[PDB]
């Protein structure tokens, strides 16, 4: 889930491998060299504004002759916008930043979206309060599930989409539909789980930076960029920040198998990490208007923050229940005439403090244990390994990977603190293999215990 994606294969127009379920992660979805036909795309030099590339539908769509359009400057094409465009998108700005305008064209009202990648401007053209009311229901939501339900119902009312889901990522990057608003007659996805590869790592990475993407018509063929390569670089044009970017054929096929005619998702990003997706399906082709997409992008940002805040409160609520327990222990440690007698007291329940299966206590050149632990030789080896570790805290949810593993029945997870320096005196909490991850609160609680014990002893 946090892993960097494997490096991309070349695209099909550069003779790249055919994409299968075995090589999902390596499809270069960001450089399809093509767009969706409900809009037109130009690329232009960031300095001169010379038009370098155009989609093959762009001449017809803008009503200019191909030869005339290619080579023209944005000064000539977009005299009113060109000045504002340069100011809004200065060199080195993020590629997610966008200049947007509304044009009159000989095709009525036309939406223009511009963004910058490297030395290249990418211009996308396409034809062109209920949220405010849902904000109360969003704020009121007493938990993540309730919030998910409100979000999906809200988005469905906004868009008219036949299905709207909140898809939540597990730490292994598998997903679960935790909420769903759907048209009567459709079978429910609610509660269904899906493998990591249904949204592969390069997609999840892309979706952490570019927060909305869509397929307007799942039966429509992509329109190529001409030339397909960027003349500046003689390399593929990055289209990750372009909403008109052509969708992965693999995914479009998957959509068609689901009888989905149109699709849209918005990223839910929490702590720089992709938490989930607002996933929308329509049975029929549907170009969602640009202004409504803006609304969904806003909803995504709001929901992201609501999750971050709610999760922070769960953490704080959990850590509060470790202070009461910690106080009991600090009290005992203050009076202690021997850490062995005090800390091994079942009444103190140092096991339960960390939701551990086992605990090793070493003090005064001897150790003892509570709960399920490895046998004495394994404990001795564990302690000998610990001595080699720098710092005063070691924590792992898979001891095997860090310390190559046979202790996994009782000691798959490990959390150890030095009570002083050198690990001559220490506590080691152990957890069995499924280990259940140490909560960040349990880690800080261990740090607090280190201080307390270091002082008291």
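Positions refer to the first chain, counted from 1.
Relative to the deposited sequence, how many residues with no modelled coordinates occur between residue 128 and residue 129 (none, 1 to 3, 4 to 9, 10 or more)?
According to the record, 4 to 9 deposited residues lack coordinates from residue 128 to residue 129.
For the stretch from residue 434 to residue 435, please bin the deposited residues that the model skips: none, 1 to 3, 4 to 9, or 10 or more.
Count of unmodelled residues in between: 4 to 9.
Comparing 360-368 with 173-181, which stretch shows the greater average C-alpha B-factor in the deposited entry?
Taking the mean B-factor of the alpha carbons in each, 360-368 is higher.
For the stretches 6-14 and 436-444, which has the higher mean C-alpha B-factor as given in the deposited record?
Taking the mean B-factor of the alpha carbons in each, 436-444 is higher.
Say you rank 100, 193, 168, 325 by Cα B-factor from the PDB entry; which sits at the top?
Across 100, 193, 168, 325, the entry lists the biggest C-alpha B-factor for 325.
Between 32, 49, 37, 390, where does the Cα B-factor run highest in the record?
So the option with the highest C-alpha B-factor is 390.
Among all modelled residues of this chain, ranked by Cα B factor, put residue 54 in the bottom, middle or top third, i.e. lowest, middle or highest.
Its C-alpha B-factor belongs to the middle third of this chain's values.
When the deposited Cα B-factors of this chain's modelled residues are ordered and cut into thirds, is residue 344 in the lowest, the middle or the highest one?
CA B-factor rank for residue 344: middle third.
Select lowest, middle or highest to describe the third in which the CA B-factor of residue 104 falls within its chain in this entry.
Highest third, going by the recorded CA B-factors of the chain.
Would the CA B-factor of residue 321 place it in the lowest, middle or highest third of its chain?
Highest third - that is where residue 321 ends up once the chain's C-alpha B-factors are sorted.
Looking at the C-alpha B-factor of residue 298, is it in the lowest, middle or highest third of its chain?
Middle third, going by the recorded CA B-factors of the chain.
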